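Trainee: Experimental structure below, sequence on top.
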Amino acid sequence: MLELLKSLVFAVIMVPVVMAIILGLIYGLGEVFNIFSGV
Amino acid sequence: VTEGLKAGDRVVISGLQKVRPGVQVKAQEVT
Amino acid sequence: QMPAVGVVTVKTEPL
Amino acid sequence: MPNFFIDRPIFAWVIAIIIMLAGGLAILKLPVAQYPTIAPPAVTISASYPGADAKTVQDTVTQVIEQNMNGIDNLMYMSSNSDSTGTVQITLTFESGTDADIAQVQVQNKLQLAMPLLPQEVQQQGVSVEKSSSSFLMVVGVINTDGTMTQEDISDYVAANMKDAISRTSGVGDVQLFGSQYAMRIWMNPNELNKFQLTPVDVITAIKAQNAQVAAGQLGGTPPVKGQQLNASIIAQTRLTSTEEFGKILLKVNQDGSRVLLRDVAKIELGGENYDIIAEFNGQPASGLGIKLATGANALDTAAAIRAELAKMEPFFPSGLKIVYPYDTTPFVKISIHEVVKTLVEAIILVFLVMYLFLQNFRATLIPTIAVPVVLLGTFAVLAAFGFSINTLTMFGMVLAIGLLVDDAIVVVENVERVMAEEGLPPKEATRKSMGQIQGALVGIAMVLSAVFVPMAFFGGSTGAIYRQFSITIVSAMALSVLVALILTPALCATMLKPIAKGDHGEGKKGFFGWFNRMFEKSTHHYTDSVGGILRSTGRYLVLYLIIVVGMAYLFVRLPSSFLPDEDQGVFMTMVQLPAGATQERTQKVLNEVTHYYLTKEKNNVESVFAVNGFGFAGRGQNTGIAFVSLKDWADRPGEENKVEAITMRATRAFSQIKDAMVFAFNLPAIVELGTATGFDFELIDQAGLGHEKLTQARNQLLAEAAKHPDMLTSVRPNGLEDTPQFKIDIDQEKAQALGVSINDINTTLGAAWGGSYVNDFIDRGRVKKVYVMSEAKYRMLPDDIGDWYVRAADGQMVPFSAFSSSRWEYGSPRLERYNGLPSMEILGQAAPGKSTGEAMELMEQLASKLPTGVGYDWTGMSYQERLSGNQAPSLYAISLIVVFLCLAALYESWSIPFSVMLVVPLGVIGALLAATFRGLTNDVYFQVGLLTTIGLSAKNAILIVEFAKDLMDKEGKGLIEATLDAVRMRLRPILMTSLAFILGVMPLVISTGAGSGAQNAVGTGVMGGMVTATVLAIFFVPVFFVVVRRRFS
């Protein structure tokens, strides 16, 4: 009920932000590695 | 006590465990 | 800190 | 195998049904306990010598016992504690894994051969052997709230009408009583004894003669005369059954009718066996019971039965009595089960949501939801079959392995879905091709996980069992998951998939799905071109790898190490040690002060104080005291300022002002069975036969020397009691003989007047109880009182005790200790809040090296376990390394390719160390397990990537760079999905507030760091290692 609803809403608001940070590291590492590779 | 103690002397009754010879202490009378 | 002790006063009396 | 079961879905369904039935049967019948048998088996022998000082008990009792207890196999170490009260305790701790039910018989049988070699008094009291490594399931305190009943009345009521019923329920093992039942006390009176010309030996003889049972026989005897018809039993004199009957015992009757009665010379009452321990619950007199769980029993059911049985008895409870539960362990098990259920539900919902987000197909989402519970039930069944139980560690392993099950399901489903999308074939052939391509990788990773987790179970000692639970659970979960992925899942991919057309990956629809697919494809293209660019070069990132390696090594060296984190159990101990010579009155005053402080200045935190006077963990006596403070539920103690640590720190800070007492407060270890204090135990042993004064001086010098480094050693305190003044009575033997007084009479009078003698047994209200004889307080309480006792000479006159005896003073130790047969003393204390235990151990060893020659050092308790890390030397990690190397070389034919796979291992260890350093947690068992799990996950990702690249390179003619780029493009969605699932599922472990949250926090932090860093730094690095290995070893 209330605990189930709070667990669901927390999961659905936490998945997209976490995926956002993970894509952020993907972007950042890709760019820095591209910059460093060409020296 | 028959010998060793004189009138007006002060003998510790409490705090003996936390005290050691040759240490400055705050002495208070107890009743 | 300063340690504190509880002391008694020695005075003679008849018994 | 997978294609074989693809054509036969119901064969896989039948296997799944069998596994589910086995899991249900296993969960129906399985023992439940807080912890497994972690502590080593231990047997304690207890003997009592009433009214005897430490030296008499040490030489005359425990010497003979120690001498005759040699030859017992699997013995680890023995310790012995004597006392001035008259109790001696010998604790023998054996090796781990041995059957205690045979060692107990061995020690008992060896003891029974030394019984006739002991004094008579200890034999009459009797010695008892028991198992101390059992742990208490609960303690039930019973209190009086009006003032009628005293400790003795309550203890007898418990022993009579509560002990039997509580012991006779289901699942209850040993039941211990913390009090003593009644005993007829006979208090003499020296004035009355002198008045009637009597001595205590006369009273003893009269009691022995008039309180005995005689076998009268039988009317109409066994050989009958010819013609007998009557037969019955003769009931002659029996044991006395009342105080009024004991008061009518004759002592001296003349022929003219004049008589002396026992009541005329002594006071008869009903008291306790020993007035040494006074227990007060919240200021009221109380008694207690200790209930231990029997082996192979359900904890929750036993607790519920105990509560129901106790609640049954209130109508028959006499006067004012109340039942309380100061300490019970069921809430921890209930919390563990609740956490398991919550983690399972959260993982299922989360994986369904992420599959709907990515694969956009409900039929794909529903596949794992009917596969993970099958593996869970299979793990339950296998764990039940092996012989394990439902502890607080096995369920932790299960919540850890949920992620592995989700990973396997994600890998299989995503591979089949992408094959269908990029091939256009329908579920059947696509599933066949995907299973044929991935079966070898699945078998290889299963073997790798088994090889990396099995050797952890070969540890010895407590660490051995702690690692064994997790290792067995993890390997069982991995095996069941890979078997399920081989059998059940391919059928699901065969049947429950919709054959959508190629190109319809959501790009034909708008909203969140099409847009999200758009950034996903854009980011995938960016990542692929970036990794191609970085793979164009080789030597630029080797320096980055070396930098990561050296940073990880520095972090590993810097991180402090410990054994097991402390936890908020809601109960903590407070110890009071008065100065030498202090009586019971001052101890009671100090205990009352402590109770008042706890119940006044901490009303919102504490719940009850169970003060015990006369007994302490250091040593029993009228000088020490203990108090077990229990707190309210964790729901009512929010924040980190209302936990056990803050409470005990504030308590000791406040108690520092308590004069005439060094009151300390501490928290018991997380595993109560292993040790009683949270710090190391260190023992100094005499070897050159120095004695006691030299040992005491050496101990004091060592304590002063260790106190001079207040940076890594804290609360370094002795575990014994300091020497005390003693009263010495010397009897002039020739003066006593000249006056006409026998030495036996003098010895008996002195031993039965001041020490107390146990005479006979009697039947009280239908039970057996002892009868004790001792003087009446006021006549045995000061030295001058020794002159009040009179002894009868041969002439019939009474001579005073002061006419042939003298008196003087001496110094004696009230507690003598022995270790392994040699005199020894113990120092117990913890380390600094910001340093490792091992460094403190090494510095303590160095300090002990400076001791005067003739004194050695040793460890005991958890310290010994901490010294059992010789198996934790690289001799085992290297074994695991070669085993996994052999497995990897066997999976794919190469002696050099597994190097690339192993190069990914540090990339998760670095993140685990980073998380540990950020949170500040120490290197312990739970962190080690989490680190191993992260290593396994990173190895799994590396295995998948390398296997796909090798298959692309070999089966087709794809070049090195092209095949590597295609493989890393292909294995991107599964890796991200699995990483997201694991990271989001381990959120509660990191965010856990309390209720045994230390292990959860440690494991969650390690898992988070390892998973995040491995996911970030493996995709960019594994191809580099692969291409470098292939080109260098071309």
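Mentor: Right, received. Where do you want to start? Numbers count the residues shown, from 1 in each chain, chains lettered A, B, ... in the order given.

Trainee: For chain B, see how far away whichever residue of chain A sits closest to chain C is.
Mentor: Going by Cβ to the nearest Cβ, chain C is nearest to residue A:10 of chain A, at 49.1 Å. Placement of C-beta: from N, CA and C, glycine included. Distance, residue A:10 to chain B, using Cβ to the nearest Cβ, to the nearest Å: 53 Å.

Trainee: tell me which element that residue is part of?
Mentor: If you go by DSSP states H and E, residue A:10 is part of helix A:2-37.

Trainee: Give me the distance between the residue of chain A found nearest chain B and residue D:999.
Mentor: Nearest residue of chain A to chain B, counting by Cβ to the nearest Cβ: residue A:3, 52.4 Å away. Distance, residue A:3 to residue D:999, by Cβ to Cβ, to the nearest Å: 23 Å.

Trainee: Could you list the contact residues of chain B toward chain C?
Mentor: B:5-16, B:18-19, B:23-30 (Cβ under 8 Å from any Cβ of the partner chain).

Trainee: Which residues belonging to the longest helix seen in chain D are considered buried?
Mentor: Identified as the longest helix of chain D according to DSSP state H is helix D:462-495. Going by neighbour count (16 or more other Cβ atoms under 10 Å in any protein chain shown), the buried part of helix D:462-495 is D:462-494.

Trainee: Tell me the helices and strands packed up against that helix.
Mentor: helix D:2-6, helix D:9-28, helix D:362-369, helix D:372-386, helix D:394-423, helix D:427-453, helix D:862-866, helix D:925-955 (3 or more Cβ pairs under 8 Å, 6 or more residues apart in numbering or on different chains; DSSP states H and E).

Trainee: Report the inter-axis angle for the following helix or strand past that helix versus helix A:2-37.
Mentor: Per DSSP H and E, the first helix or strand lying C-terminal to helix D:462-495 is helix D:512-535. Angle, helix D:512-535 to helix A:2-37, by axes from the mean of the first three to the mean of the last three Cα atoms, to 10 degrees: 30 degrees.

Trainee: hmm, back to that, by contact count, what packs against the helix holding residue A:10?
Mentor: Using 3+ Cβ pairs under 8 Å, 6+ apart, the elements in contact with helix A:2-37 are helix D:330-359, helix D:512-535, helix D:973-985, helix D:997-1018.

Trainee: Quick one: closest of the ones you listed to chain A.
Mentor: Closest approach to chain A among the helices and strands packed on helix A:2-37 (Cβ to the nearest Cβ): helix D:512-535, 3.8 Å.

Trainee: is that closest one anywhere near chain A?
Mentor: Yes. Using Cβ under 8 Å from any Cβ, we find that helix D:512-535 touches chain A at D:519, D:523, D:526-527, D:530-531, D:533-534.

Trainee: With stretch D:545-553 instead?
Mentor: No. Using Cβ under 8 Å from any Cβ, stretch D:545-553 stays clear of chain A, coming no nearer than 12.5 Å.

Trainee: Just give me the residue right at the centre of chain C.
Mentor: Centroid-nearest residue in chain C, with Cα atoms, centre = their mean: residue C:8, separated by 1.5 Å.

Trainee: Give me the phi and psi angles of that residue.
Mentor: phi -110, psi 150 (degrees, to the nearest 10).

Trainee: Can you name the residues that contact it?
Mentor: Residue C:8 makes contact with B:10-13, B:29-30, according to Cβ atoms under 8 Å, 6 or more residues apart in numbering or on different chains.

Trainee: Bridged to it, which residues?
Mentor: residue B:11 (DSSP bridges).

Trainee: In whatever helix or strand residue D:652 lives in, which residues are buried?
Mentor: Assigned by DSSP H and E, residue D:652 belongs to helix D:644-655. Neighbour-count burial for helix D:644-655 flags D:644, D:647-648, D:651, D:654-655 (criterion: 16+ other Cβ under 10 Å).

Trainee: Throw those residues into a markdown table and include distance to residue D:543, thanks.
Mentor: Shown next, in a markdown table, are the buried residues of helix D:644-655 (distance: Cβ to Cβ, whole Å):
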| residue | distance to residue D:543 |
| --- | --- |
| D:644 | 48 |
| D:647 | 51 |
| D:648 | 50 |
| D:651 | 54 |
| D:654 | 57 |
| D:655 | 57 |
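
Trainee: which of the residues in the helix holding residue A:10 are buried?
Mentor: A:7, A:11, A:15, A:18-19, A:22, A:26, A:29-30, A:33-34, A:37.

Trainee: What residues does the stretch 501-650 of chain D have near chain B?
Mentor: D:577-579.

Trainee: Okay, and which of those residues map to strands?
Mentor: Among these, DSSP state E puts residue D:577 in strands.

Trainee: Using neighbour counts, trim the residues of the stretch 501-650 of chain D next to chain B to the buried set.
Mentor: Buried subset of those (neighbour count, 16+ other Cβ under 10 Å): D:577-579.

Trainee: From residue D:336, how far off is residue D:382?
Mentor: Between residue D:382 and residue D:336 the computed distance is 20 Å (Cβ to Cβ).

Trainee: I meant to write residue D:171 there.
Mentor: As judged by Cβ to Cβ, residue D:171 and residue D:336 stand 19 Å apart.

Trainee: what's the answer for residue D:797, then?
Mentor: From residue D:797 to residue D:336 the distance is 77 Å (Cβ to Cβ).

Trainee: Looking at these two, which one has more neighbours?
Mentor: When residue D:797 and residue D:336 are compared for neighbours, residue D:336 comes out ahead with 22 against 13, by other Cβ atoms under 10 Å in any protein chain shown.

Trainee: Tell me if I'm right that the more buried one and residue D:393 touch.
Mentor: No. Counting by Cβ atoms under 8 Å, residue D:336 does not reach residue D:393; the two are 9.3 Å apart.

Trainee: which ones are touching residue D:78?
Mentor: By Cβ under 8 Å, 6+ apart, the contact set of residue D:78 is D:66, D:69, D:90-93, D:819-821.
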